[PDB]
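See below for the structure under consideration.
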Amino acid sequence: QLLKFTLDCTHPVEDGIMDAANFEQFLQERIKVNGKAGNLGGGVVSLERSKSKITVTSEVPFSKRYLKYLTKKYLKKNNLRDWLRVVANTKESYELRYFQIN
Amino acid sequence: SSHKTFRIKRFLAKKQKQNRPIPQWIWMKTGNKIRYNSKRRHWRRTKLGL
Amino acid sequence: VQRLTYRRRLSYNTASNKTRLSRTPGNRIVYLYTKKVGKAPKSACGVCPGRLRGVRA
Amino acid sequence: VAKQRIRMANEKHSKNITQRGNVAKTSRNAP
Amino acid sequence: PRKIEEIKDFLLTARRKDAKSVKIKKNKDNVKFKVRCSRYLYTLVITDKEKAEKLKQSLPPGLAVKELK
Amino acid sequence: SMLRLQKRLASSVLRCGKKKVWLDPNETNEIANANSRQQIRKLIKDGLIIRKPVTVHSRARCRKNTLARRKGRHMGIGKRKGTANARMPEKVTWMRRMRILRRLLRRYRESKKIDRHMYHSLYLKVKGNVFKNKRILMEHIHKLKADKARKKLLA
RNA sequence: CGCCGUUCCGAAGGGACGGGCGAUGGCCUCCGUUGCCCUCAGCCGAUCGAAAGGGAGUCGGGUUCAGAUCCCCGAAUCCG
RNA sequence: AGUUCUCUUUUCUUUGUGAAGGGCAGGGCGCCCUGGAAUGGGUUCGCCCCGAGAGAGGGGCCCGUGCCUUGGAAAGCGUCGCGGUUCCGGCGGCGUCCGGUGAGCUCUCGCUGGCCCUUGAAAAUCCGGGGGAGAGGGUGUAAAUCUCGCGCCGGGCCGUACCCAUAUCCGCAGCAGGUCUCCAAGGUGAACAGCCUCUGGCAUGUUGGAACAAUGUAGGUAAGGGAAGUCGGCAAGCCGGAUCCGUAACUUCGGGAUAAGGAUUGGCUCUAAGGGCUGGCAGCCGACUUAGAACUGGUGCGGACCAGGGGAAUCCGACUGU
Ligand SMILES: [Mg+2]
Ligand SMILES: [Mg+2]
Ligand SMILES: [Mg+2]
Ligand SMILES: [Mg+2]
Ligand SMILES: [Mg+2]
Ligand SMILES: [Mg+2]
Ligand SMILES: [Mg+2]
Ligand SMILES: [Mg+2]
Ligand SMILES: [Mg+2]
Ligand SMILES: [Mg+2]
Ligand SMILES: [Mg+2]
Ligand SMILES: [Mg+2]
Ligand SMILES: [Mg+2]
Ligand SMILES: [Mg+2]
Ligand SMILES: [Mg+2]
Ligand SMILES: [Mg+2]
Ligand SMILES: [Mg+2]
Ligand SMILES: [Mg+2]
Ligand SMILES: [Mg+2]
Ligand SMILES: [Mg+2]
Ligand SMILES: [Mg+2]
Ligand SMILES: [Mg+2]
Ligand SMILES: [Mg+2]
Ligand SMILES: [Zn+2]
């Protein structure tokens, strides 16, 4: 069938602390399909980026928690995990938020 | 123990009430000699024997 | 893993202290005390080894 | 409650080494 | 607890002199009508919403009716 | 401040050990004046009292090794401490074999690949340790059928 | 002072369906109760002896500084 | 939630449903009906079963602590987010899902067997049956009667905190002693062994600091020799697991026996064999074993832990037990 998930980086991007296009690029070559992260299984996984929302679609089984695994990996590579947090907004999406400090 | 007879639980209650210091106004009594309760008991130092 | 305690003051494994494990709506395992196993009647003939039928045990 | 606050609060307490004798009684000053 | 299958018997239950209150619980799939009698909590499970509304408006008077939320 | 009471109450409210109760070192004065489970519940909700996560005990190492052992690694002569019978009892080996082979005979008889007279003969041979495994029994049945057919043809 | 003995040298039953005579009553109608009589009656051993033996029937959730299968909420069950 | 310099669709946590009632799986039956079986068949790990009725059909009963359901989602829990007096059973969103496997451990139910010159309580209490003394009404507003379903009332007395033991008990004490039980995770491993770890717990056992003499107490190592020491090999030491091979005198033929004596043991990459479900074949599943081979390391591999030294004889007592 189809599986659709979204990442909402609105709060950071509108604060200009992460280029969503770069994040889309990051998921482009890193997302794995049967152990390979090059061709996205041959378009079997499709990525779309909106203004501040990134979407992922798949024609095969895809784990929503994988996007959280990669999102956290990307946040760490960009030294953001100490300020941002990936929290499930709904059954189909995650969003980035700020820890309650000051 | 938790398992207790009424007779034992009543003997123990009386031994509980006698284990207090003397009232301090007893000191001012006219012909008083008592300085303190000399019949104090401690559960660990000396045992009731029953 | 979760470990159990008796719910009564009988701490010994006697014939009247048998239990079974029960998961509860609170999502924990507790002891429920089982009833003894009943026996169906034995035939008055004293010969047939089996017990009778149509009778609650 | 986020579990990351344990770390953030723990690190904040460590900083009291430099303010011995004038440590804040309450950092949630408001109220 | 006892489970009643037909609206006919539930109405008889709700008219018993020892019936105290009727609680209606609305779930995603069914509407449950529970009457607190002396011994048991009788329940009727209705899957049709229209019948549940129809039964709700046809309860006997004087019986405390509660909607659970 | 002396927070022995608060550590004990929070532990009960969180249903954890006292070792997993975390009291905020910056808020000891606030936590100190909470002498009730109602007020502890408030501090738990506020974030001054938090339950610490379980200490990690990862099974990855043993899961990795279990995969290797399934392929035969770490299983040689030098890695055995119990006897061949203690590691794999003979009785269990025999029990599996009889069930496997008796199951096959029942299906061949039911499916009429053999008759009840051949079944009875093979049943007592199976119990006699004539056949090592399923295949040896199956090939032997095949030879028996060929001979039985040849005898029928001439007759 | 007591001891032995526990069914052994004992008139060891104060009970019962039913029936008959009265005395009373009450939803006085007819049913209760009671006293006596008739009839029937083995248990054959007073009593004590187990918080591990026998022995009907309670579980879930919440709650305290300290008690809960005991309190509160909910749902049951045994016995009379 | 942790890690993320590299790698890791990764690692960790967590992912409910009580009693009682109903329904159904499952398990058991020395229960019934048909029928009549040798070319004997059925059948278990073993057994064991049959003309006093086997196989094969069709039934009945008992337990159902398992699953569904009423309970019951309203509760509980996980997470995210809002309020409040803020010491509210506070309020809302989402979730509480789908499968596999096992000589596994713990409990429990059941079947079947072995052992006894051992045969492994009583009573309170409850129930069925046999009998048929009796009672009930004359065709009705029916009666006696009812172990059926509801409904009504009550359940008095005493115990209940906590310790339960390197500090709440007994040893004069917070005494290295003694003192009856229940539950019991991962790894290695034959394992409730030892060694490490999670849950939970603790603060080194009635004190600390600085030194590192002698003599101690407790552990180790030692060239060459190897009991010369000593009353005496006391003490320590050697052996040790497992696989394969091999095993004497004597014997009460059961043993002796792990006799004695050898070889092997790591890591890695493979090969072969050992099954289940569905429709001599095809497909899909799967769980640990055994054997064999190559390669490989400074010959090191039961690498820690665990873990018999052996042989030839004499005396005594048969033995196990005290
Ligand atoms: Mg003492
Ligand atoms: Mg019957
Ligand atoms: Mg054998
Ligand atoms: Mg008595
Ligand atoms: Mg008793
Ligand atoms: Mg008892
Ligand atoms: Mg009650
Ligand atoms: Mg038959
Ligand atoms: Mg259940
Ligand atoms: Mg809920
Ligand atoms: Mg009769
Ligand atoms: Mg207690
Ligand atoms: Mg020390
Ligand atoms: Mg110390
Ligand atoms: Mg001590
Ligand atoms: Mg030397
Ligand atoms: Mg040397
Ligand atoms: Mg010498
Ligand atoms: Mg000398
Ligand atoms: Mg020695
Ligand atoms: Mg010898
Ligand atoms: Mg001897
Ligand atoms: Mg003796
Ligand atoms: Zn009989």
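Just so you know, these numbers use all the heavy atoms, side chains as well, and skip hydrogens, waters and symmetry mates. Residue numbers begin at 1 in each chain, while the letters A, B, ... track the order of the sequences.
Pairing status of H/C148 against H/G51: not a Watson-Crick or G-U wobble pair with both distances under 3.5 Å. Remark: the bases of H/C111 and H/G201 do not meet in a Watson-Crick or G-U wobble pair with both edge contacts under 3.5 Å. Under a 3.5 Å limit on both donor-acceptor distances, the bases of H/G138 and H/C115 fail the Watson-Crick or G-U wobble criterion. Between H/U271 and H/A135 there is no base pair of the Watson-Crick or G-U wobble kind with both donor-acceptor distances below 3.5 Å. No Watson-Crick or G-U wobble pair links H/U145 with H/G303 with both defining distances under 3.5 Å. With the cut-off at 3.5 Å for both distances, H/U141 forms no Watson-Crick or G-U wobble pair with H/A214. The base of H/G129 does not engage H/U14 as a Watson-Crick or G-U wobble partner with both distances under 3.5 Å. A Watson-Crick or G-U wobble pair joins H/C295 and H/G267, with the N1-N3 or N1-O2 distance and the second distance both under 3.5 Å. With both distances required under 3.5 Å, H/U106 does not pair with H/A54 in Watson-Crick or G-U wobble fashion. For the criterion of Watson-Crick or G-U wobble pairing, both bonds shorter than 3.5 Å, the nucleotides H/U34 and H/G89 do not count as partners.
For the pair F/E110 and F/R106, the salt-bridge criterion is not met [side-chain N within less than 4.0 Å of a carboxylate O]. Residues A/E95 and A/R97 are paired through a salt bridge, judged by an N-O separation under 4.0 Å between the basic side chain and the carboxylate.
Nearest-nucleotide mapping onto RNA chain H: of F/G17 and C/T24, the residue sitting toward the 5' end is C/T24. Nearest-nucleotide positions on RNA chain H place F/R41 closer to the 5' end than the other of F/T55 and F/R41. When the nearest nucleotides of RNA chain G are assigned to E/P1 and F/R8 by heavy-atom distance, the more 5′-ward of the two goes with F/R8. Comparing C/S22 and C/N13 against RNA chain G, the residue whose closest nucleotide sits nearer the 5' end is C/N13.
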task: Take D/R28 and F/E30 through the salt bridge (charged side-chain N to carboxylate O under 4.0 Å, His left out) test and state the conclusion after the steps.
output: CA-CA 10 Å; D/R28 48 167 43 186; F/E30 182 32 289; 5.1 Å; no
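Remark: G/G15 and G/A16 stack on each other (six-membered ring centres under 5.5 Å, interplanar angle under 30°). Remark: H/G84 and H/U85 are not stacked on each other (six-membered ring centres under 5.5 Å, interplanar angle under 30° not both met). Stacking between H/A56 and H/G57 holds, as the six-membered ring centres sit under 5.5 Å apart and the ring planes differ by under 30°. Under a stacking criterion requiring six-membered ring centres under 5.5 Å apart and planes under 30°, the adjacent bases G/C9 and G/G10 are classed as not stacked.
A 4.0 Å heavy-atom criterion places the boundary nucleotides of RNA chain H facing chain A at H/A1 to H/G95, written 5' to 3'.
Using Watson-Crick or G-U wobble geometry with both donor-acceptor distances under 3.5 Å, H/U221 finds no partner in any strand shown. Pairing of G/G32, defined by two Watson-Crick or G-U wobble distances under 3.5 Å, is identified with G/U24.
In the region residues 41-53 of chain C, proximity to RNA chain H at under 4.0 angstrom, judged on heavy atoms, holds for C/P49, C/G50, C/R53.
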